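S.K.: Have a look at this one before I ask anything.
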Amino acid sequence: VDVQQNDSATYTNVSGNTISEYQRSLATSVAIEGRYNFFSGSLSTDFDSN
Amino acid sequence: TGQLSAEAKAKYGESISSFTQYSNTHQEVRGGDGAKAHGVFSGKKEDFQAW
């Protein structure tokens, strides 16, 4: 048997990192008024989406 | 004599973020003995000296 010295080392390192972020906002508002000498009217509407 | 008020409002927002990181490393050692040779991958001088 023929034995040869072969003292050796190898190293490898691979890493990946990722972040993804998405954001949305929506706002809506409506205000209405109505007037008559013997009547008053008001309406409001509000909407929010995230 | 009549009174009316009307209002409309809208707001919109969008935001996007992205991050990416990538690393690669490759080390190789020859000679000495393999067990001490693995020690140099610590990057620590005494282990490099031991190799």
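Methodologically, a virtual Cβ is constructed for each residue, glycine included, from the backbone with ideal geometry; neighbour enumeration extends over all protein chains shown. Taken together, the values in this text are just the output of simple stated rules run on the coordinates, not laboratory data.
S.K.: Determine the shielding of peptide B:33-45 by partner chains: average, over its residues, the number of Cβ atoms on other chains within 10 angstrom of each Cβ.
M.R.: Per residue, the number of nearby Cβ atoms from other chains is 2 on average.
S.K.: Quick check on the protein assembly as shown: what are the equivalent-ellipsoid semi-axes from the Cα gyration tensor, as sqrt(5λ), descending, whole Å?
M.R.: 79, 11, 8
S.K.: Name the shape class, rounded, prolate or oblate, that the alpha-carbon gyration tensor gives for chain B, where a ≥ b ≥ c are the square roots of its eigenvalues, rounded holds for a/c under 1.5, and otherwise prolate holds if a/b is larger than b/c and oblate otherwise.
M.R.: Prolate shape, in that a/c is at least 1.5 and a/b is the bigger ratio.
S.K.: Given contacts defined as C-alpha pairs under 8 Å and at least six residues apart, what's the relative contact order of chain A, whole-number percent?
M.R.: For chain A, the relative contact order is 31 percent.
S.K.: So, in Å, what gap is there between the alpha-carbon centers of chain B and chain A?
M.R.: 20
S.K.: Net charge around A:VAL30, counting only other residues with Cβ within less than 9 Å of its Cβ (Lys, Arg = +1; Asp, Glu = -1)?
M.R.: -1
S.K.: Moving on to the next point. For labels at A:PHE38 and A:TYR22 in the simple 7 Å Cα→Cβ model, what's the distance in nm?
M.R.: It works out to 5.7 nm between the two label points.
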